4 protein chains.
Amino acid sequence: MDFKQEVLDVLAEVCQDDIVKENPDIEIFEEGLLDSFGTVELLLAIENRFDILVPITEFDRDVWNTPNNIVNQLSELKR
Amino acid sequence: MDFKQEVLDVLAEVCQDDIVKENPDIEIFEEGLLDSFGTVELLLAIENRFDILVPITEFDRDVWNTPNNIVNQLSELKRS
Amino acid sequence: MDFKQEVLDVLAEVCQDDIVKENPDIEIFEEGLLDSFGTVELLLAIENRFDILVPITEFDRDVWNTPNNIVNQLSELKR
Amino acid sequence: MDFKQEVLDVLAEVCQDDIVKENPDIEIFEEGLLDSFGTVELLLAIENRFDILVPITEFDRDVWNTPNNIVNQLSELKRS
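Residues numbered from 1 in each chain as written, not as in the entry; some residues may be left out. Chains lettered and ligands numbered in written order. Heavy atoms only, no water. Residues with missing side-chain atoms left out of burial classes, pairs and counts.

- For this deposited structure, the header cites X-ray crystallography as the method used and 2.200 Å as the resolution.

### Remarks on the interface of chain A and chain D
A common way to express how large an interface is: the accessible area buried when the components associate.
Argument step 1. Chain A puts twelve residues into the contact, and the matching count from chain D is twelve residues.
Argument step 2. Approximately 1100 Å² of surface area, both sides summed, lies buried where chain A meets chain D, with 48% of it carried by carbon and sulfur atoms.
Argument step 3. Considering only the surface of chain A that becomes buried against chain D, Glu41, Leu44 and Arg49 of chain A emerge as the three largest contributors, covering 45% of it.
Argument step 4. Linking chain A with chain D are two salt bridges.
Argument step 5. Across the pair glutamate 41 of chain D and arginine 49 of chain A runs a salt bridge whose closest N-O atoms are separated by 3.1 Å.
Argument step 6. Remark: the boundary between chain A and chain D carries eight residue pairs in polar contact.
Argument step 7. Sorting the residues of the side of chain A that touches chain D by element identifies α1 (3-15) and α3 (36-50) of chain A as the ones contributing at least two each. (Contact = heavy atoms within 4.5 Å. Buried area = accessible area lost by both parts, 1.4 Å probe. Salt bridge = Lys/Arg side-chain N within 4 Å of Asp/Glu carboxyl O. Polar contact = N/O pair within 3.5 Å; in protein donor to acceptor, adjacent residues only side chain to side chain. Helix = DSSP H or I, 4+ residues; strand = E, 2+ residues; numbered from the N terminus.)

### With respect to the interface of chain D and chain B
Argument step 1. Of the residues lining the interface, four residues belong to chain D; the matching set on chain B comes to four residues.
Argument step 2. In this assembly, chain D packs against chain B so that about 430 Å² is buried in total across both faces, 89% of it on carbon and sulfur atoms.
Argument step 3. When the area that chain D buries against chain B is broken down by residue, the three leading residues are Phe37, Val40 and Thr57 of chain D, summing to 74%.
Argument step 4. Viewed at the interface, chain B and chain D are joined by zero salt bridges.
Argument step 5. Taken together, the links from chain D to chain B amount to zero residue pairs in polar contact.

### Quick word on the pattern of salt bridges
Argument step 1. Applying the stated rule across the entire model yields twelve salt bridges over all chains.
Argument step 2. Linking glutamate 13 of chain A and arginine 49 of chain A is a salt bridge whose minimum nitrogen-to-oxygen distance equals 2.9 Å. With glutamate 13 of chain A in helix α1 and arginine 49 of chain A in helix α3, the pair connects residues that are 36 residues apart, well separated along the chain.
Argument step 3. By relative accessible area, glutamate 13 of chain A is classed as partly exposed at 22%.
Argument step 4. Relative accessible area serves as the criterion here: at 18%, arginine 49 of chain A is assigned to the buried category.
Argument step 5. Across the pair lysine 21 of chain C and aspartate 18 of chain C runs a salt bridge, and its minimum N-O distance is 4.0 Å.
Argument step 6. Judged by relative accessible area, which is 31%, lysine 21 of chain C ranks as partly exposed.
Argument step 7. What you see here is one network of salt bridges that share partners, running through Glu13 and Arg49 of chain A together with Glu41 of chain D. (Buried < 20%, exposed > 50% of the residue type's maximum accessible area, 1.4 Å probe, protein only.)

### Regarding the UniProt feature "domain: Carrier" in chain B
Argument step 1. The feature "domain: Carrier", as annotated in UniProt, sits at residues 1-78 of chain B in this numbering.
Argument step 2. As a span, residues 1-78 of chain B carries 55% helix and 0% strand, and end to end its C-alpha atoms are 16 Å apart. (UniProt positions renumbered as here; feature names shortened; annotations may be inferred.)

### So, the relation of the copies chain D and chain B
Here two copies of a chain appear, and what relates them is a rotation about an axis with a shift along it.
Argument step 1. Mapping chain D onto chain B leaves a residual RMSD of 0.0 Å; the transformation is a rotation of 180° accompanied by 0.0 Å of translation along its axis. Taken together, the rotation and translation describe the operation of a two-fold axis. Among all C-alpha atoms of chain D, that of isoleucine 56 of chain D lies closest to the rotation axis, at 4.6 Å. (Least-squares fit on C-alpha atoms.)

### Describing the side chain of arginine 49 of chain A
Argument step 1. Looking at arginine 49 of chain A, its side chain comes within polar contact range of the main-chain oxygen of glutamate 13 of chain D, at 3.1 Å.
Argument step 2. Here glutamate 41 of chain D takes part through its side chain, which lies 3.1 Å from a polar atom of the side chain of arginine 49 of chain A.
Argument step 3. When near neighbours in sequence (up to four residues on either side) are disregarded, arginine 49 of chain A contacts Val10 and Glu13 of chain A together with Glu13, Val14, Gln16 and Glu41 of chain D.

### Examining unusual backbone geometry
Argument step 1. With a phi angle near 55°, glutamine 16 of chain A is a residue other than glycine that sits in the positive phi range.
Argument step 2. One non-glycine residue with positive phi stands out, namely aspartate 51 of chain C, at about 55°.
Argument step 3. For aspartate 51 of chain C, the position within the fold is in the loop between α3 (36-50) and α4 (67-78).
Argument step 4. Given the relative accessible area of 65%, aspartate 51 of chain C is considered exposed.

### Observations regarding the packing of helix α1 (residues 3-15) of chain C against α4 of chain C
Residues and elements named next belong to chain C.
Argument step 1. At their nearest, the axes of α1 and α4 sit 10 Å apart, and the two run at 120° to each other. Here α1 lies oblique to α4, going by the angle between them. Crossing geometry of α1 relative to α4 is assigned as right-handed. Facing α1, whose interface residues are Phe3, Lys4, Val7, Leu8 and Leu11, α4 presents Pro67, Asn68, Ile70, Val71, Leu74 and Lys78. (Axes fitted to C-alpha atoms, helices over the stretch in contact; angles between N-to-C directions. Parallel < 35°, antiparallel > 145°, perpendicular 65-115°, else oblique. Left-handed = near helix turned anticlockwise from the far one by under 90°.)

### Quick word on the packing of aromatic side chains
Argument step 1. Within the structure shown, the criterion is met by 13 aromatic pairs over all chains.
Argument step 2. On the basis of an interplanar angle of 70° and a centroid distance of 5.5 Å, the ring pair of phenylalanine 29 of chain B and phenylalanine 59 of chain B is categorised as edge-to-face. Of this pair, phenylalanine 29 of chain B sits in the loop between α2 (19-22) and α3 (36-50) while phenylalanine 59 of chain B sits in the loop between α3 and α4 (67-77), and the two are 30 residues apart along the sequence. An identical accessibility class is assigned to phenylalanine 29 of chain B and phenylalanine 59 of chain B; each is buried.
Argument step 3. A centroid spacing of 5.2 Å and a plane angle of 40° characterise the contact between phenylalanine 59 of chain D and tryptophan 64 of chain D, whose relative ring orientation is tilted.
Argument step 4. Taken together through their ring pairs, the aromatic side chains of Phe29, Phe59 and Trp64 of chain A make up a single cluster.
Argument step 5. Over the aromatic face of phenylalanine 3 of chain A sits the side chain of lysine 78 of chain A, whose NZ or CZ is 4.8 Å from the ring centroid. (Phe/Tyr/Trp six-rings, centres within 6.5 Å; stacked < 30°, edge-to-face > 60°. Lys NZ or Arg CZ within 6 Å of the ring centre and 35° of its normal.)

Here it is as structure tokens:
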């Protein structure tokens, strides 16, 4: 598999834009690609597809600000 | 603009019982003052009046068990 | 009781505005007092407090356009 | 802009199985292709991509039982 691509794909699905897939360092929230509703959907998708439970309060737009950084925060979560 | 009182007022409305705003530490769900349909209504109201989005999937009767604790949970959510 | 006031109160609660209570003929949706989210909350509140189940597809903004008319549609529902 | 295909694509994503878009009449819930958490995710996606608001309290596994029927239900909702 490719966990990076998995997350990037999910991210691209919720964002309805392939730009987040072609720019793994883009500022998702600054760019307005993901709103409050999409974020909630994102976290649920992660729980459903990766069995990683991310509490909404533990989610931080400053830390989970890019696709690469989201991938990072998720990896550190498992571990 | 008293956020706590505003939350208590909403809880009183959805529960259709003033007891939940007169007793901020009452065990809402253990007292059976709120069922699953009432919970869904509450979350809609919270979104509509406080702009706070609570995922039904994250709602937990054990943690959101009292008006006070519900107020606290909402406070946590609105901050980073 | 006063079923009219009950509905008017509920309506005023969801709308966050007493204007709908002081103007039982005001065009709620034209006036932008109630949006899609508030409508869903309205219907749920009705189900919860009056035991009247109004399917969202059976809800029509043209027919349920005023407080008085909502009260009317609800009464005809029961019967 | 094929609304049906768009819905099927979403269903395939949330179910994480292409079988639901290759079999538009498959019994999603009877096949166990979707649970309650997946349902919540689906409704969020429907809102985010189609601007259609489906109350979780109105969702009914007996009526929203197939992709086709789900497409139909969404069509009913978007019209007056």
